[PDB]
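Given next are two forms of a protein chain, the same chain in both, each as structure tokens and marked structure 1 or structure 2.
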Structure 1
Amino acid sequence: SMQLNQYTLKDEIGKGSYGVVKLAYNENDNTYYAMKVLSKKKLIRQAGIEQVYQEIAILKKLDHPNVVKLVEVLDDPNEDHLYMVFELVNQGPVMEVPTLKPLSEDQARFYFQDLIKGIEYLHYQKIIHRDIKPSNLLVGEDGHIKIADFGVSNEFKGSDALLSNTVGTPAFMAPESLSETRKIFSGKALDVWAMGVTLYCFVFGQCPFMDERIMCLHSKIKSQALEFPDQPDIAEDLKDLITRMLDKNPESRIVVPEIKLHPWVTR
């Protein structure tokens, strides 16, 4: 281990888009935390950052039981490393895709309900997450999920983010974002698409559009019809919900307030 003020830093527990997350013991309050560690110089060289202080500003806005909680930032202006202490969500990611053990419909519904609550909250606070996927959804001791990894999240003003391009994990990126043609698209509808991909993963253990070849992956996202396998056989109302979330037209894609009242969600 190593010491950092009142914190004993221990094993690496995860690695998100940026930096690493360590288990950390706080000797002052005898409690464990999760600590994200970033190198300022390394982030600079990755650019070829004020983005980090934007992530911090966003996380300081958020207080919701289905979202991770930032508790402290340790940032010495004469040190390379920045440290963000979060509350520990001890059971870790809900799922890593691909997996041989998908969730049952009932368990998927439970976690999807948590995800809806977290996302509506984010969007109410004018945050788009932009990297919704099962490996970013952490299960707490209480059995509920918390949305994590705000490293590519964005704050907008007004009613929606007007994006000309976006950052995300390719398999979870909506078709409107993968065009080779200058455009503008809704930030919120991107998160919905990714929620759809995530729900599909929950019950099938794989993404609905996949290819090892990035160009074919993009092509499938934009132009391949959504298909469900023969097993596991899932309810028709769940197929309907996923089908509406993975509407390739963001203009007609189902929106969060409608997802919450969808019959699959409310049963």
Structure 2
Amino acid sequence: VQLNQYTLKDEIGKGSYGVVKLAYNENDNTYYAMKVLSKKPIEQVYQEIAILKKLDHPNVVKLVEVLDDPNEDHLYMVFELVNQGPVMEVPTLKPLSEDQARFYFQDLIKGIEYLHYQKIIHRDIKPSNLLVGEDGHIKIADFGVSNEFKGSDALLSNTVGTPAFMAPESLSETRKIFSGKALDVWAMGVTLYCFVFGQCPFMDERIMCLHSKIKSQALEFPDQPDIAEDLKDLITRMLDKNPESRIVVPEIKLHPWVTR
């Protein structure tokens, strides 16, 4: 099963986009992650490639090349392999320790800060898009619904990403305008909660009820495991339902739980 210089091996990830397969480059004798899509708009895929091309940071994945045959339904995006895979699956019954979560969250901060400087809102931050590399550090993946903006922030009206991680101000259903950086902070907060608890803070298999909880259910902490007050404060500040008072990234950097 060959595609120019790449030999497609087993599937390593999966999603609505298609699949990611391990891949072997015969030229340089090296494994890569191959994202395979099937046209079925396709514009959005090319928006991601444009964003990805501009990105160069240790906590962000690296697109290597794009293989697009006008006469083939499949479109191939070659990424550098982040060899240990997602940092966790949600839900799990073995969440990370605080110090493990702190370690990874520190990577998340650096990556998100870089993307915002580069004027990219990620919009699909979640533990399964945080890939763990050879040195144990996280790289941010799946820019499938990211936005680029001009100015100091994005002014958005569309609702995309993973539902359990969407921010309440993006679920208005009246097409209201909301700012972009605070959407990534919210999802970072859901993510950190997942790190330590192994489940999202707002769950419901009915989508209406999931939206309702995100918009109107006060954040609740499980008795177990008994996490630190300063970590509760940080998650509480990141999951502030009012994006105007929600904690910003420069404050997250300085937060007591992050710096200890």
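When a residue number appears, read it as a position in the sequence of structure 1, where counting begins at 1. Rigid core: the largest C-alpha set superposing within 1.5 Å between the two forms. Only residues modelled in both forms are compared.
Core-superposed C-alpha of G158 shifting 2 Å or more between the two structures: The answer is no; the displacement is under 2 Å.
Core-aligned C-alpha movement of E79 between the two structures, 2 Å or more: Result for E79: yes, a 2 Å-plus shift.
Let me know the CA shift of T198 between the two structures in Å, rounded to one decimal, core fitted. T198 C-alpha displacement between the two structures, core-aligned: 0.3 Å.
By how many angstrom is the CA atom of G16 displaced between the two structures after fitting on the core? Core-aligned C-alpha shift comes out at 3.4 Å.
Where does the chain move between the two structures, taking runs of at least 3 residues whose CA atoms all shift 2 Å or more after fitting the core? Those runs whose C-alphas all shift by 2 Å or more are 76-80, 180-182.
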